[PDB]
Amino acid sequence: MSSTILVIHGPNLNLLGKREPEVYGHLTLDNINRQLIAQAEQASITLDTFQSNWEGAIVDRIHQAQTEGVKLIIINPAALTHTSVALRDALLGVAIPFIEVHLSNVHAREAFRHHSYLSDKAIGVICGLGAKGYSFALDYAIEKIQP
């Protein structure tokens, strides 16, 4: 249809809260989505979400966003951040600026996770603050679009 913000979630994040809950909390992707949908609605901003484990699905969704009139994308590419040049060219290709978000501190883990094909082109980046990182990106986008 049309939606001012677009939240994207990369591969594996559908698994939030589905293992032994005693391992990574009880907070699910749908919990996160509800929260972002509420927040956006309280500001009278249209918002839309997408998640997939398939890179070209995400790439298609980004192309579709250009036609739907999206102004900002909030993206947690999960593992795609270290590997996907197509993802970066898609974002650049459509010239929709974006904020990169990670639930975990990516700098605290393996060394290959320090490198990102997206960070240098983001407005900015939030890693390690869990769910609230998405909320903060939204907070920031709402202030850029409708002061």
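For the two forms, the rigid core is made up of the largest set of C-alpha atoms that agree within 1.5 Å on superposition. Note that residue numbering follows the sequence shown and begins at 1.
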Problem set entry | Positional deviation of Cα atoms in 8 other deposited structures of this protein after core superposition, greater for 23-31 or 105-113 | 23-31
Exercise. After fitting on the rigid core, which stretch moves more in 8 other deposited structures of this protein, 122-130 or 13-21, going by C-alpha RMS?
Worked result: 13-21
For this session: Taking the mean of the C-alpha B-factors per stretch from the entry, tell me the winner out of 30-38 and 52-60.
Result: 30-38
For this session: Could you check the entry and say whether 106-114 or 79-87 has the higher mean CA B-factor?
Result: 106-114
Exercise. If you check the C-alpha B-factor for each of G124, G10, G130, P21 in the entry, which is highest?
Worked result: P21
Exercise. Which third, lowest, middle or highest, does the CA B-factor of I96 fall in along this chain?
Worked result: middle
